[PDB]
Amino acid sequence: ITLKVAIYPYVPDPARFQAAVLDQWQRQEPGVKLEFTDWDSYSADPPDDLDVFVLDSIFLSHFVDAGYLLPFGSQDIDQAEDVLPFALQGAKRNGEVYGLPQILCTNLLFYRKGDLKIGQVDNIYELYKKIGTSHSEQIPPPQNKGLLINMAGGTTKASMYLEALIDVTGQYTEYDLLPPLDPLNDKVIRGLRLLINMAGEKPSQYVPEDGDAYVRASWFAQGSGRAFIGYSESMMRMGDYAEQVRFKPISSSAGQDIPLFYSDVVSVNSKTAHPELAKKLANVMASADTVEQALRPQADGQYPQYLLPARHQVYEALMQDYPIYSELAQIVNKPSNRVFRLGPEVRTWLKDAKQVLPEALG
């Protein structure tokens, strides 16, 4: 018996998850063979032969309504009390749980240790008042000046627009019905362009030849820029400098902020020939031991991935050795947190949004 699996690829070190998963699986099911495949939810719907797979929750609605998935009964979830309440609910549709939260992700504001003026900012506007408009188009920005943020790619802009829209309207929604691409919300465009202003056109749109998704974390560490807005996992790239920066959540509006998190959930194909085994493997891929082993450094010279896990246990275990996770736990344990979800028509809407957003911005 062979189960085809696919892990989430957009992580600092994919091989570490795979190594962790296979290792733990052998302990419980040595008779079952795992075959890892390349699959990106961002580009394709689940192929008919892929039994278990991790996907970004923005496609969950579509996957569910298309009949691609198999739900998890309360009897099929191991230690459900350990999962962060909001992450588990963000995985529900039609009153059923359709995925086990494995990784969480959000944008943070990274600033340097002594730099207090920046550490008191709460939203992008107050942030503008401190760093102002970026004067140069050079890559990277001059030492200690400008804002570092990755706004390259049509999907990133489209996602930021939607996340911003929730913060503006002060109302959280799973976007079952996606907003019109015409006319666009100005308060949102006004804010996205303000980010591009503090960062500069060239720098914000720059894509590295090597495809290093975390290069800006390298620049920030070297001394480039005044502030950096990126994912927590960017801290792995900072290496030893990770201990030299502070971070905090930043609101896209000026009033009541709704903290949004991307959630990567493990799901089971409705076409699987081994539903109970696949449901077991999904639990393994989302268990505290697996995720803990994948976030921790394996060989010497490796740093923690600094990804946000979805279980309390993982945070409690990691924070002994890595104090950073103690600060990350406070961030994820806030009351108002919600998972970023999008409607079933997310694919066509995205496709259309890319043709209008760059224009609306410049």
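Quick note: we count residues from 1 along the sequence shown, nothing fancier.
Participant: Tell me which of 145 to 153 and 242 to 250 has the higher mean C-alpha B-factor in the deposited entry.
Facilitator: Result: 242 to 250.
Participant: Comparing average C-alpha B factors as deposited, tell me which of 49 to 57 and 315 to 323 sits higher.
Facilitator: Between 315 to 323 and 49 to 57, it is 315 to 323 that shows the higher mean C-alpha B-factor.
Participant: From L181, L84, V268, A158, pick the one with the largest CA B-factor in the entry?
Facilitator: By C-alpha B-factor in the record, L181 ranks first.
Participant: Looking at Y231, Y125, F261, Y111, which has the highest CA B-factor as recorded?
Facilitator: Highest C-alpha B-factor among the listed residues goes to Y125.
Participant: Split into thirds by Cα B-factor across the chain's modelled residues, where does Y68 land: lowest, middle or highest?
Facilitator: Ranked within chain, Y68 CA B lands in the lowest tercile.
Participant: Relative to the other modelled residues in the chain, which third contains the C-alpha temperature factor of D352: lowest, middle or highest?
Facilitator: It falls in the top third of the chain.
Participant: When the modelled residues of the chain are sorted by Cα temperature factor, does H62 land in the lowest, middle or highest third?
Facilitator: Bottom third by C-alpha B-factor.
Participant: Once the chain's modelled residues are ordered by C-alpha B factor and cut into thirds, is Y303 in the lowest, middle or highest one?
Facilitator: Highest third - that is where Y303 ends up once the chain's C-alpha B-factors are sorted.
Participant: Relative to the other modelled residues in the chain, which third contains the C-alpha temperature factor of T169: lowest, middle or highest?
Facilitator: As the PDB entry reports it, the C-alpha B-factor of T169 lands in the highest third of its chain.
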